[PDB]
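Consider the single chain below, provided in structure tokens and representing the form deposited in one PDB entry.
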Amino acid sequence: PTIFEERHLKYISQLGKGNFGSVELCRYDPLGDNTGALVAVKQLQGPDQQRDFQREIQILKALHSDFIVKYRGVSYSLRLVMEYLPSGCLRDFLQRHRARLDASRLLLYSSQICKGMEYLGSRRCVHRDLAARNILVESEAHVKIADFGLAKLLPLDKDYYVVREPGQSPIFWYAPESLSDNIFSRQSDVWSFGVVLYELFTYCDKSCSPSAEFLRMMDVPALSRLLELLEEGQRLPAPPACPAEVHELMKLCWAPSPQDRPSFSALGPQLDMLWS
């Protein structure tokens, strides 16, 4: 079942557009009667790009967690086939359901994302793009981490990596060491996780989003302006009505030095205690 024939993948619509890729909603319909299952299909639109896409497929196929989007297979590598979660990403879900979801529910999502991240860390996988737009909703009480387009495996003898060119992602989720020196690690994923906790507790309201709020708080360019703000110790403010303990955890995720941030394994029990 891990080999999907191209002729049987029926295009429905666009789910997203990446760096040099796209994700489409397709129906895998071998019977041709519209009764087949819906799937999310990623494809490249370059020899390095092809190598990186094959790397992504190999990473996702080797991840088995209730908190990581499921790999289904490949089509010939021409396309990466994943499960489709019709509730879509957490960012939009929170905006739609804000008046229904309480602090307990946000802590449950936080705990699930943390468990997914502890698991990725155990596989020596740096995600590099953790954000509420990349977290999917399986059900009202179950979320999963998605978007492995920038994920990288750490070699056995090195706990970080350096990128030659600065990143192309919206800058507001990057750890200071990534902004300054293009260094990524499981500890920079912890920094981004703190921003995801911020997103959850603001219900992804656009008016106090990481972009809107950092830009408001901010000749010198935006990247350098953000790095200056962060280096001064300025941070995103506690979301409206945020539990104090939750804001304290965000601040720990945003410790200036990566070695001072808590690990996902240390955050996990703290989030579970707050949820209980």
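In this text, residue numbers run from 1 along the sequence as written. The term rigid core refers to the most C-alpha atoms you can superpose between the two forms while keeping them within 1.5 Å.
- Omission of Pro166 is seen in a third or more of the other entries compared for this protein where the adjacent residues are built.
- Missing-residue comparison: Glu245 falls in the unmodelled set for none of the other PDB entries checked, so it is not missing from a third of them.
- Unmodelled stretch separating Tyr76 from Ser77: 4 to 9 residues (count of deposited-sequence residues without coordinates).
- Missing deposited residues between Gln54 and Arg55: none, as the chain runs unbroken there.
- Of the two segments, 183-191 and 161-169, the one listed with the higher mean B-factor is 161-169 (C-alpha atoms only).
- A summary of the deposited B-factors shows that, of 133-141 and 96-104, the stretch with the larger mean C-alpha value is 96-104.
- Within the group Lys251, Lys42, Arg225, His64, the record's highest C-alpha temperature factor is found at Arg225.
- Ranked against the other modelled residues of its chain, the C-alpha B-factor of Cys242 as given in the entry falls in the middle third.
- In the deposited entry, the Cα temperature factor of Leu60 sits in the bottom third of values across the chain's modelled residues.
- Split the chain's modelled residues into thirds by C-alpha temperature factor. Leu9 is in the middle one.
- Remark: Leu25 belongs to the lowest third of its chain, ranked by C-alpha B-factor as recorded.
- Ranked by Cα temperature factor within the chain, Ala212 sits in the middle third according to the deposited record.
Beyond what is shown, the protein has a form deposited in another entry; the following relates to that form.
- If you fit the rigid core between the shown form and the other one, you'll see the Cα of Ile12 move by 2 angstroms or more.
- Annotation for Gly32: C-alpha shift of 2 angstroms or more between the shown form and the other one, rigid core superposed.
- Once the cores line up, the CA of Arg51 ends up 2 angstroms or more apart between the shown form and the other one.
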